[PDB]
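I have placed the structure first, in the form of structure tokens, so that the comments after it can refer back to it.
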Amino acid sequence: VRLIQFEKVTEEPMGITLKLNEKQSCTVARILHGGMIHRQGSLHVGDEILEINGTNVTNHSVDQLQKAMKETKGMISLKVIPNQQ
């Protein structure tokens, strides 16, 4: 597995999005240049996320998580899997 810790408060967040199949497998999609994600490096687009900031994202819709991320103050920890499928 893998984790990603970033700060969500800035007036111009990293701006990222994820897309999943019909199984709501929350698979990373895009990452706006700059911010923290695109700069993170360790991140890998297309990789699935099991849970972020301690949230079982492996059940709720991505829209629920997207806001679920914005929900907390800012410090989020996304659990991702290596891109070696």
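Residues are referred to by chain and number: the chain letter is A, B, ... according to the order shown in the structure tokens, the number counts from 1 in that chain, and ligands are numbered separately from 1 in the order shown.
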
Can you pull out the residues contacting residue 28 (chain A)? Cut-off 7 Å, using only C-alpha atoms, and skip same-chain residues under 6 positions away; I want them as an mmCIF file with N, CA and C atoms, in the first residue's frame.
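New file result.cif:
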data_model
loop_
_atom_site.group_PDB
_atom_site.id
_atom_site.type_symbol
_atom_site.label_atom_id
_atom_site.label_comp_id
_atom_site.auth_asym_id
_atom_site.auth_seq_id
_atom_site.Cartn_x
_atom_site.Cartn_y
_atom_site.Cartn_z
ATOM 1 N N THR A 17 -8.509 14.952 -9.098
ATOM 2 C CA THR A 17 -9.748 14.207 -9.289
ATOM 3 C C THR A 17 -9.457 12.730 -9.542
ATOM 4 N N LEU A 18 -10.442 11.878 -9.267
ATOM 5 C CA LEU A 18 -10.283 10.443 -9.467
ATOM 6 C C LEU A 18 -11.517 9.835 -10.123
ATOM 7 N N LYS A 19 -11.298 8.774 -10.891
ATOM 8 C CA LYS A 19 -12.378 8.083 -11.580
ATOM 9 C C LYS A 19 -12.281 6.579 -11.347
ATOM 10 N N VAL A 45 -1.033 8.310 -10.970
ATOM 11 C CA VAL A 45 -2.357 8.361 -11.583
ATOM 12 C C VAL A 45 -2.819 6.975 -12.015
ATOM 13 N N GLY A 46 -4.114 6.725 -11.872
ATOM 14 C CA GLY A 46 -4.666 5.438 -12.246
ATOM 15 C C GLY A 46 -4.665 4.447 -11.099
ATOM 16 N N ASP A 47 -3.924 4.762 -10.040
ATOM 17 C CA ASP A 47 -3.852 3.887 -8.877
ATOM 18 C C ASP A 47 -5.116 4.010 -8.038
ATOM 19 N N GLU A 48 -5.594 2.883 -7.524
ATOM 20 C CA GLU A 48 -6.802 2.871 -6.713
ATOM 21 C C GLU A 48 -6.506 3.255 -5.265
#

Q: Apply DSSP to the structure's backbone, then extract all residues of chain A labelled strand (DSSP E) and return them as a ChimeraX atom specification.
A: /A:2-6,16-18,28-31,49-52,76-80

Q.
Taking 2 positions as the minimum chain separation for residues in the same chain, which residues sit within 10 Å of region 65-81 of chain A when counting only C-alpha atoms? Answer as a VMD selection string.
A. chain A and resid 1 to 10 13 16 to 18 26 to 28 43 to 44 46 to 63 83 to 85

Expected file: the selected residues, C-alpha atoms, as a JSON list (two decimals), in the first residue's frame:
[["chain", "number", "residue", "atom", "x", "y", "z"],
["A", 1, "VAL", "CA", 0.00, 0.00, 0.00],
["A", 2, "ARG", "CA", 0.91, 3.69, 0.10],
["A", 3, "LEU", "CA", -0.10, 6.92, 1.84],
["A", 4, "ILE", "CA", -0.21, 10.59, 0.86],
["A", 5, "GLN", "CA", -0.31, 13.39, 3.42],
["A", 6, "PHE", "CA", -1.06, 16.90, 2.20],
["A", 7, "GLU", "CA", -2.50, 20.19, 3.44],
["A", 8, "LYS", "CA", -6.00, 21.22, 2.34],
["A", 9, "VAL", "CA", -6.61, 24.89, 3.16],
["A", 10, "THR", "CA", -4.75, 26.96, 0.56],
["A", 13, "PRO", "CA", -5.61, 23.59, -3.58],
["A", 16, "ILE", "CA", -7.07, 16.66, -8.15],
["A", 17, "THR", "CA", -9.75, 14.21, -9.29],
["A", 18, "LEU", "CA", -10.28, 10.44, -9.47],
["A", 26, "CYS", "CA", -11.87, 5.10, -6.66],
["A", 27, "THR", "CA", -9.00, 5.18, -9.16],
["A", 28, "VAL", "CA", -6.96, 8.40, -9.30],
["A", 43, "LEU", "CA", 1.69, 9.74, -6.49],
["A", 44, "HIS", "CA", 0.67, 7.54, -9.42],
["A", 46, "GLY", "CA", -4.67, 5.44, -12.25],
["A", 47, "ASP", "CA", -3.85, 3.89, -8.88],
["A", 48, "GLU", "CA", -6.80, 2.87, -6.71],
["A", 49, "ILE", "CA", -7.36, 4.30, -3.24],
["A", 50, "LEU", "CA", -8.77, 2.14, -0.43],
["A", 51, "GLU", "CA", -9.28, 4.88, 2.15],
["A", 52, "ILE", "CA", -8.28, 8.48, 2.77],
["A", 53, "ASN", "CA", -7.86, 10.43, 6.00],
["A", 54, "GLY", "CA", -9.19, 7.31, 7.72],
["A", 55, "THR", "CA", -12.28, 7.08, 5.52],
["A", 56, "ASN", "CA", -13.33, 3.79, 3.93],
["A", 57, "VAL", "CA", -13.55, 5.20, 0.42],
["A", 58, "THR", "CA", -14.00, 1.63, -0.82],
["A", 59, "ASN", "CA", -17.79, 1.98, -0.52],
["A", 60, "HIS", "CA", -18.97, 5.59, -0.85],
["A", 61, "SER", "CA", -19.10, 7.42, -4.18],
["A", 62, "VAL", "CA", -16.10, 9.47, -5.25],
["A", 63, "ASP", "CA", -18.12, 12.67, -4.89],
["A", 83, "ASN", "CA", 0.89, 0.92, -9.98],
["A", 84, "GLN", "CA", 2.10, -2.59, -10.78],
["A", 85, "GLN", "CA", -1.13, -4.27, -11.87]]

Q.
Write out as a list in words the set of residues from chain A that DSSP, computed on the backbone, places in helix (DSSP H, G or I).
A.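 Written out, the helix (DSSP H, G or I) residues of chain A are residues 37, 38, 39, 40, 62, 63, 64, 65, 66, 67, 68, 69, 70 and 71 of chain A.
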